[PDB]
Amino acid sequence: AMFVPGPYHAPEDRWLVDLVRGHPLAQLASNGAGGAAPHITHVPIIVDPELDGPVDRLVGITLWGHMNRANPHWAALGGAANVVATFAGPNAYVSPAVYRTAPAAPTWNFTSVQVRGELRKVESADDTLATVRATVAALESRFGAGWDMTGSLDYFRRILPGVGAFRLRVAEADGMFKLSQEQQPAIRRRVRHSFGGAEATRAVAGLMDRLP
């Protein structure tokens, strides 16, 4: 359901899980009614926080998300919507100047995970509050500064009615790791070296370093 050329497959299933954890603000897409363009909403999605033990594969697990119930996308999902959620990681423009070869064409290195399955809306106030608390736990740990939600739990309950929490059972998962694997080894090394020298591109260089 996602087109990934052979050379851009992750070396291990765990790479797709690592991208979802590192880039939780996903683009959630569902079909537009009457041949209209898809609905797209940026939503915070995490892996099922009740999974204990290493999560090596996305297929078969449940993701947890929320959006604004007042967003018209929530009404458009209906009951049993087949959805895609796209997670986008590190990326960078590849200048052929870096290759020091000729002839050439530029490209864009990038990382994507597309997960597909059925979206189920959460109606339970308990499950909705679990969703947003788990999201805080996961994102404050990875991206934040040790903020303690304990003193804000009453506030969470006060604004809870606006939350559209959901569950996405992952039927299909595809990962684009477009990282110059199509180039000859010395050229891949020149790209990696070039991306090492600047903050905007170091995370791409980091992934290129981890390919077998």
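Heads up: residue numbers just count along the shown sequence, starting at 1.
(request) Determine, for stretches 100-108 and 78-86, which one has the higher mean CA B-factor as deposited. (result) Taking the mean C-alpha B-factor of 100-108 and of 78-86, the larger value falls to 78-86.
(request) Quick one: say whether 52-60 or 174-182 has the higher mean Cα B-factor in the deposited entry. (result) Between 52-60 and 174-182, it is 52-60.
(request) From the list 45, 28, 36, 163, select the residue with the highest C-alpha B factor recorded in the entry. (result) Answer, based on the entry's C-alpha B-factors: 36.
(request) Would you please rank residue 189 by its C-alpha temperature factor against the other modelled residues of its chain and give the third it falls in: lowest, middle or highest? (result) Highest third.
(message) Using only modelled residues of the chain, where does the Cα B factor of residue 66 rank: lowest third, middle third or highest third?
(response) For residue 66, whose C-alpha B-factor we compare with every modelled residue in the chain, the answer is the lowest third.
(request) For residue 125, return the chain-relative third of its C-alpha B-factor as stated in the PDB record: lowest, middle or highest. (result) Answer is highest: the recorded C-alpha B-factor places it there.
(message) Ranking every modelled residue in this chain by its Cα temperature factor as given in the entry, which third contains residue 150?
(response) CA B-factor rank for residue 150: highest third.
(request) Place residue 23 in the lowest, middle or highest third of its chain's C-alpha B-factors, as listed in the PDB entry. (result) Its C-alpha B-factor belongs to the lowest third of this chain's values.
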